[PDB]
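Trainee: Model the following, please.
(chains A and B, ligands or ions: 1)
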Amino acid sequence: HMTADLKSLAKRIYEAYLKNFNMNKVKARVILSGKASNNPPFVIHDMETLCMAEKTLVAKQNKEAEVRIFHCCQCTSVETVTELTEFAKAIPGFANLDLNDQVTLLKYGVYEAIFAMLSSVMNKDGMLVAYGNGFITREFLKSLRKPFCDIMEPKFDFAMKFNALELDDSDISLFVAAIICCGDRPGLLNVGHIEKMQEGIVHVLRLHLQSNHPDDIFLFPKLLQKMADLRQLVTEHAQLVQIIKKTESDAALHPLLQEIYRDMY
Amino acid sequence: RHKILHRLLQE
Ligand SMILES: CC(C)(Oc1ccc(CCNC(=O)c2ccc(Cl)cc2)cc1)C(=O)O
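Mentor: Residues are numbered from 1 along each chain as shown, chains lettered A, B, ... in the order given. Find the structure here:
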């Protein structure tokens, strides 16, 4: 099937994934299904239930509801970028890179990786929030005003098709590593070497998908398509973030998030 | 230009 140094590359990536993302698909699916517990997550389905939830998040304000949700999103984004950064540094070859190429890979990778992993925490009707303690409804997110209602629905559309692939966490960690180790991000210095590094990951991903989903024989090309869709998804999402920076005088981006969007698409 | 991201990659 596949050799040792490829098997070693796979488990390094899976273990780094298990270590760096508190929420993962196995844990999310159990909450969502959901056996293992009869105490479901608090459901945030309208303005009133939202305020109930916020009465808990006291220390962590008087802004419009849309903007407060926009703030909860930023907090979740910041720490996922943070975890993603730890995860990247653990991919063999990544830390060896120019450091600059590392910033560039992360800059263009993180949001494709975020929306890939976000699927895990979404079903057709809503998504887990607050580390699995909440569940905010899709319809409620659509019910917000523009352009805030226009942020999640595309992510849901992607997630429903992506979740149809039935990936588990071992697939997803390889997929996320391939997203980040992407040889054609703009401004990369050592395109030749990064490309070598990604073809190793992509190779481990292909053989792993053969072994883990034998009947779904075009799963890998499907995943390749998903990577192109993620790029489009992120470009459009970047466009919406720009429209908000210069149209909503009350939704400042976290500094780290300004770093990533600055000079992107 | 990416000072926080640099920071994160060092620690
Ligand atoms: C925050 C922003 C503007 O857009 C994004 C929106 C959502 C997500 C996914 C992570 N967000 C969550 O898990 C999340 C947490 C709480 C609430 Cl009320 C909604 C969503 C990531 C990014 C971004 O680009 O960072």
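
Trainee: can you give me the strands in the stretch 51-200 of chain A?
Mentor: Here the stretch 51-200 of chain A has its strands, by DSSP state E, counting those that start in this stretch, at A:122-123, A:126-129, A:134-137.

Trainee: Could you pull up the residues touching the residue most central in space within chain A?
Mentor: By C-alpha atoms, centre = their mean, chain A has its centre lying nearest to residue A:114, at 1.4 Å. By C-beta atoms under 8 Å, 6 or more residues apart in numbering or on different chains, the contact list for residue A:114 reads A:77, A:80, A:81, A:84. C-beta here means a position set from N, CA and C on the backbone, and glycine is covered the same way.

Trainee: Tell me the buried residues in the biggest helix by length in chain A?
Mentor: Ranked by residue count under DSSP state H, the longest helix found in chain A is helix A:219-245. By neighbour count on 16 or more other C-beta atoms under 10 Å in any protein chain shown, the buried set for helix A:219-245 is A:219, A:220, A:223, A:226, A:229, A:230, A:231, A:233, A:234, A:237, A:241, A:244.

Trainee: among these, which are in reach of chain B?
Mentor: By C-beta under 8 Å from any C-beta of the partner chain, no member of these lies near chain B.

Trainee: CSV please, covering those residues and showing distance to residue A:126.
Mentor: Listed next are the buried residues of helix A:219-245 as CSV, based on distance: C-beta to C-beta, whole Å:
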residue, distance to residue A:126
A:219, 27
A:220, 30
A:223, 25
A:226, 22
A:229, 22
A:230, 21
A:231, 26
A:233, 19
A:234, 22
A:237, 19
A:241, 22
A:244, 22
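
Trainee: which one of the residues you listed is nearest the ligand?
Mentor: residue A:241 (5.5 Å; C-beta to the nearest ligand atom).

Trainee: what about the closest residue in space to residue A:168 that isn't next to it in sequence, distance to residue A:64?
Mentor: Of all residues not flanking residue A:168 in the chain, residue A:25 sits nearest, at 6.4 Å (C-beta to C-beta, 6 or more residues apart in numbering or on different chains). Distance of residue A:25 to residue A:64, given as C-beta to C-beta, to the nearest Å: 33 Å.

Trainee: what's the burial count for residue A:169?
Mentor: The tally of other residues near residue A:169 (other C-beta atoms under 10 Å in any protein chain shown) stands at 19.

Trainee: OK, contacts around it?
Mentor: Here residue A:169 is in contact with A:14, A:17, A:18, A:24, A:25, A:26 (C-beta under 8 Å, 6+ apart).
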